[PDB]
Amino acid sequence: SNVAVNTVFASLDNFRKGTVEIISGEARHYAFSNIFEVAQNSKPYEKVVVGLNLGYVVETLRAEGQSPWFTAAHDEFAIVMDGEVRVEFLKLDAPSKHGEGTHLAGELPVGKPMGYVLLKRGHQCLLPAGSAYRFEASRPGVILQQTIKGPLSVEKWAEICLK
């Protein structure tokens, strides 16, 4: 009778956190959190750390308004998990060639405009090393960013994970 396929995605307006059922042990051992519950409770472009693994991080950004210019010495990535996000790119004349982590690029970065990418939910884009990139959101969204722990990375484990 019903043949309707319904693939379920969450969003900031509509998410249901999963559940950890403990039988012996401790829920804290699983660092269990929801990205959408995290962005709903964070400042615009606070890079919240949800995965930490030998210094590599997965960060959740709440996309709202316009971000700082960001840069790094190595590739990073973004998946737009909810919302609509415009990413703006600049090829730095003098890129950091060393270090690790995502860093603030400055107020007025120096380099040639490379253009922009228009990301809706489900879309991934490359944040190439030695460029500076900026985020603009007209409608609150959620950004997943893959990268290495740095200055802008915030850890609030107690605040985001089951205990």
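Don't overthink the numbering: it's just position in the shown sequence, from 1.
If you average the CA temperature factors over each stretch, which comes out higher, 50-58 or 91-99? Per the PDB entry, the higher value belongs to 91-99.
Between 132-140 and 117-125, which has the larger average Cα B-factor in the PDB entry? On average, C-alpha B-factors are higher across 132-140.
Out of 104, 35, 108, 63, which residue has the highest Cα temperature factor in the PDB record? Top of the list by C-alpha B-factor: 108.
Quick one: which of 14, 147, 153, 19 has the biggest Cα B-factor according to the entry? When the deposited C-alpha B-factors of 14, 147, 153, 19 are compared, 14 is largest.
Third assignment of residue 158 from its chain's C-alpha B-factors: Its C-alpha B-factor, which the entry lists for residue 158, ranks in the middle third among residues of this chain.
Of the three thirds of its chain by CA temperature factor, lowest, middle or highest, which one includes residue 43? Ranked within chain, residue 43 CA B lands in the middle tercile.
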